[PDB]
Amino acid sequence: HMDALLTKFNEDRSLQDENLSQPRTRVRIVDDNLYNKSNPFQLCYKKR
Amino acid sequence: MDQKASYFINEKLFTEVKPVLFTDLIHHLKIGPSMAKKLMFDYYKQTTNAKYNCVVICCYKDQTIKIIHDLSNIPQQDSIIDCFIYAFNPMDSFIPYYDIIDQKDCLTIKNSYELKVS
Amino acid sequence: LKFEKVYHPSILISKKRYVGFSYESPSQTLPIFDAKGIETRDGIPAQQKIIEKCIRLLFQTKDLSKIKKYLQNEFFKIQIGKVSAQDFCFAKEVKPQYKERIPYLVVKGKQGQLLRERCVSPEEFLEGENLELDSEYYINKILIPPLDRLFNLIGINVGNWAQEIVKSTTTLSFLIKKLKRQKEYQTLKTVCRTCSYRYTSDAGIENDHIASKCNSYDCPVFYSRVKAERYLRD
Amino acid sequence: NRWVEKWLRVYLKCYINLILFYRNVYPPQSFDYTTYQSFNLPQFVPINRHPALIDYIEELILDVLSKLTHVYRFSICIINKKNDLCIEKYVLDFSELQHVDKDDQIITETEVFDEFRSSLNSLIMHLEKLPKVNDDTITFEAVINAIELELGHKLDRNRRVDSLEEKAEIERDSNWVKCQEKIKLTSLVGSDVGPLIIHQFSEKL
Amino acid sequence: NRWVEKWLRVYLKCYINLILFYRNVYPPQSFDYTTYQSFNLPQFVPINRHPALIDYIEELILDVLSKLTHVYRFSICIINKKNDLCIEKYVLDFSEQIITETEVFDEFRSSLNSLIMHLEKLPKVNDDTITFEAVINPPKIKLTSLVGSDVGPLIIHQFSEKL
Amino acid sequence: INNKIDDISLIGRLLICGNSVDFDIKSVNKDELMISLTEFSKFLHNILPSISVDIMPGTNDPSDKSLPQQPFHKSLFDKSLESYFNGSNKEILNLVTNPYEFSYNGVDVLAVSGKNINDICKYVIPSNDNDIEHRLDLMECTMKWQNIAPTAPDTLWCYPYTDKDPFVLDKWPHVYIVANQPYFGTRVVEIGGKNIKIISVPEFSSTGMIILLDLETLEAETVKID
Amino acid sequence: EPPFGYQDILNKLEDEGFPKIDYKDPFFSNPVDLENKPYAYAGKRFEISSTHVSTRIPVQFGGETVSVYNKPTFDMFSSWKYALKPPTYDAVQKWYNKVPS
Ligand code: SF4
């Protein structure tokens, strides 16, 4: 089909110009929620 | 000239018949997904008596990502940029089985917090 | 002299002891059960229900291995502990007069074999073997109504069946068991609030407390909810 | 062993009920693709639930696994309502089994499930690649080409039977009858895992 | 003869009894399909419980296997109206020193399993308005063959031309 | 699968909300629960090198069937994946409840698995009806009053609510997540307290409509997975 | 081969003294029950039967039931077929039609 021809047309991204043994890490995620609070909705350890 | 991939696809297609979905290619070669699209296109280009064809995902998105089953039709993706070819299937249906694979070599995008053994 | 709904088999131990599949006309099918006059008193309902199902099974297809698996299943229900707990409700004449239907529910058994004939509290909140037991007097009192009424004339010993049955990931198993009886208890709460809708106008959020405070001595979901809430204290 | 005939039971469940699905001997709307009929399936195998029928299927598999060394070749026979002539004879094998040896090694759960998934997918492939004409009026029956058996006399000789396990065993020898003993034959890719050699083919007419 | 006589005579008597039940020459619920097994088989073996009729078919199969040594092509036709063609021709073709007792005793299972495969897979034209007649040689007939007896010394072609 | 390449740049840390494995309780047993849970382990150990995940049970996956619901560790995972939560305490994956206050240095967002509003939207509603644009505003209401939505709330034998922890809490988020609707719905409404974006992510068999959320200009982006 | 009668067979069965149409003794489908002996009964004999093929008396050809009473012999090439009638197309079809009803 011409779907394969679209892949034939798009030869510009040979490898996306990534090293590809380099992981480009994406996010500097903060996640302040995880450690320094009790979760109210969570169980009680003495109850469990 | 990367036929080093192609025979490995040939056993998994033929000598046993479990389909490749993506992950065998990334396990074998650790090539790019664009390069994997090129490789699967090359396998499609150098097809000789495929028992049945694959169906592609489409790179052109328009807030839609659909596996094509109306192969002749163009399902809401009319001004199409491209397609990523994968899921070459012997069977009637496209189901693989899913398994843990080596990923420390194969992970294209790593974790924002890398896991610690601690 | 009418015709009046003859029976294909008939159990015939005594005077005024009918039971057969009665049916008035040949055009009818699934012949009507007849329970007139029958010897099969207080009349604790589980004996009547197992005798009815046993006769229904013995009489629809004329086979006895299904009776075997049904009676063995019922002895598992008593033994392992899946008890609906309306199965045994005795009542003395201790206070015509209706100072009766007293709370006395002997399915409980005895922990230490200590209290003589005192399985009294029908909603006693404790663990497993003070709600179900295997070796007692009422296992004899449940093995005699099949044997005397039905199994005498056929000769098969249901007491031999009782004698044959009387002897003969895990945290995820406990988890999925809690899920099983949690969905069962929520289904019981659903049944209870749909039952208790007649006292609210249309409200549904206060339905839970009125559903929890329903106390019948005789209701076929209430005792299952009692043992459901017996489980959740653990 | 114990785990290996569980794998044989699941593999034969997949094989038998998949042949039942692709021959349209039961309506396809009763079938649904699934992984759980009493155990863990390797693939999503279209299984109709129909508890008499699945009782029959696990019955037949527990019959075939009961002998487990006489059988060198389990098979599935396909008979029309029109004639008793064989339409297809799907070949399976119980050759060089672990269970006859009773070797503990090796489990290789993912590897044996891998080769089972391969043989199932080959069964899928050569069950769509023959066409669909006269899709109804087909039935099912079993056949075993086995190397050294005769058990059917165990009903006889005035035996007195006491245990349910040998009640089952007398049902096993009761259910099986020796028959009286080509046109086309097609290839199928078998599983080639070490302890479970299942060299499975197909026959046509 | 030569030691196939006993299992051949019980095979024809049980074949007649199975024809009598599953094509209802007599009433279907006039039988006992419960307490008799013919060979080591799962299925029901419905002999007529009539002592005079079991003696009648006893003498029938006993005399046809008395004339076995020069017997001709065997059949059973069920007749109430004009059909004039054989229904179930279990042709007893006389062969002839092979020692086959166990194997032929197993072989009469598969003959009788081909019989029941012809019997339970069989339509219904009319209830009880038919009568059988053993004979040695319903709009339209139909051809159907069943299994042979190659393991047995005598081969039985076991044709059943229904209607 | 690449949008060349910006989809990876937008995507953050994986957030499921409820519905980890669909099943019905009266038809399930041991091994078919582990079949779907180990295939969930396959999925999560497949995606865990790529994207870190935060997981929550609560409507039809195993739970207390309450809004405060204990999230079940060590059951969703095979032995390959089981040792990661022992190795990494809460970073790459942790078990969180049906509500959770995910805070990105003060971008507090609330999750709901959906049952809390889906029982109101379909199961227990004879009245208050003048259907995505109707049901979108039911959880707007449930956000506004912070109130008792469901019919069996807080459902605990010991310590249900100790005058600190309402199941629909009192501290308000910037986005509430609710799940398992027929269609997609994503509006934003401003109140006198804060701004709140409405998130109704559909059930996955109802065409998915899978969503990006927040945190650049507080903007959401769905994509049709069918 | 002149047969017996047509519907009067039932009358003949009544005439020698048998039941005109037999109604079945309730039977054990599983033979591990009956405490694996028909002698287990009450003060009088009831001799409860079994429809399973282990506890069946054979067909009584004349005055004798017959088995081979001999050694079963193993065969080298032999195909063995299954004797249970399978559920049909029609049974599963009517069962899936019964699911909406
Ligand atoms: S337990 Fe009480 S409220 Fe519930 S259904 Fe029974 S009678 Fe009604």
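No value in this document is a laboratory result; all are computed from the given coordinates. Cβ coordinates were reconstructed from backbone atoms using ideal geometry, including for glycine residues, and neighbour counts include every protein chain displayed.
Considering the dipole of the range G:3-101 built from charges on the beta carbon (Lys and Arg +1, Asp and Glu -1) around the Cα centre, which of G:87, G:57, G:38 is farthest to its positive end? Final value for the positive-end residue is G:87.
Quick check: the distance between the Cα centres of the range C:88-112 and the range E:102-135, to the nearest angstrom? Value for the Cα centre distance between the two parts: 63 Å. Mean residue ellipticity, 222 nm, helices only, chain D: the sum of -39500 (n - 2.57) across DSSP H runs of n ≥ 4, divided by residue count and rounded to 500, is -11000 deg cm²/dmol.
Evaluated on the range B:1-117, the Kirkwood hydrodynamic radius is 15.9 Å, with distances taken between all distinct Cα atoms. Of interest is the spacing of the C-alpha centroids, which for the range G:57-101 and the range F:93-140 amounts to 59 Å.
Cross-link reach is defined here as a Cα-Cα straight distance under 16 Å, omitting same-chain residues fewer than 8 places apart; for residue C:36 the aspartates and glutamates meeting it are C:4, C:24, C:52. Spin-label pair residue B:60-residue F:226: with each label point 7 Å from Cα along the Cα-Cβ axis, the two points sit 2.3 nm from one another.
Spin-label model, residue D:2/residue A:46: points 7 Å from Cα along the beta carbon direction are separated by 4.3 nm. Taking Cα centre as origin and charging only the Cβ of basic (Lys, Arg, +1) and acidic (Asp, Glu, -1) residues, the dipole magnitude of the range D:3-204 rounds to 760 debye.
On the beta carbon distance between residue A:25 and residue B:28, with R0 = 22 Å, the FRET formula returns roughly 0.35.
Size of the protein assembly as shown: Rg and Dmax of its alpha carbons, in Å, are 35.9, 112. Just from its helices, what would the mean residue ellipticity at 222 nm be for chain C, if runs of 4 or more DSSP H residues each count -39500 (n - 2.57) and the sum is divided by every residue, rounded to the nearest 500 deg cm²/dmol? For chain C, the value works out to -12500 deg cm²/dmol. With distances taken between every two different alpha-carbon atoms, the range F:69-121 has a Kirkwood hydrodynamic radius of 13.2 Å. For residue B:83, the amide hydrogen comes within under 5 Å of the amide hydrogens of A:7, B:59, counting only partners 5 or more places away or on other chains and with H modelled in the peptide plane. A full extension of the chain between residue F:86 and residue F:27 corresponds to an added length of 18.0 nm, given 0.36 nm per residue minus the alpha carbon distance. When each of the peptides F:191-199, C:178-186 is scored by the mean number of other C-beta atoms lying within 10 Å of its residues, the order from highest to lowest reads C:178-186, F:191-199. For the residues of D:169-177, the average number of beta carbons from a partner chain within 10 Å of their own beta carbon is 6. When the Cα convex hull of the range F:69-226 is projected onto planes of every orientation, the mean area is 12.1 nm². Scalar couplings 3J(HN,Hα) for the range F:12-17, obtained by applying the Karplus form with A = 6.51, B = -1.76, C = 1.60 to θ = phi - 60°, are x, 10, 5, 10, 8, 9 Hz; x denotes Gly and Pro. In the protein assembly as shown, a dipole from Cβ-located charges (positive for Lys and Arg, negative for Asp and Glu) runs towards its positive end, and of B:73, E:34, F:217 it is E:34 whose Cα lies farthest in that direction.
Cβ under 10 Å from residue B:28's Cβ, residue B:28 left aside: what net charge do those residues give with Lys, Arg +1 and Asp, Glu -1? Overall, the nearby charge balance is +2.
Quick one: if you stick a label point 7 Å off each Cα along the C-beta vector at residue B:48 and residue E:52, how many nm between them? Result for the modelled spin labels: 8.4 nm.
Count charges around residue E:60 for me, please; just the other residues with Cβ under 9 Å from its Cβ, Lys/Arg as +1, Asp/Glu as -1. Every neighbour counted, the sum reads -3. Peptide D:60-66 is shielded by partner chain Cβ atoms: per residue, an average of 1 of them sit within 10 Å of its Cβ. Under conditions of 20 °C and 1.002 mPa s, the range D:1-156 yields 128 µm² s⁻¹ as its translational diffusion coefficient, taking Rh as the Kirkwood radius over Cα pairs in the Stokes-Einstein equation.
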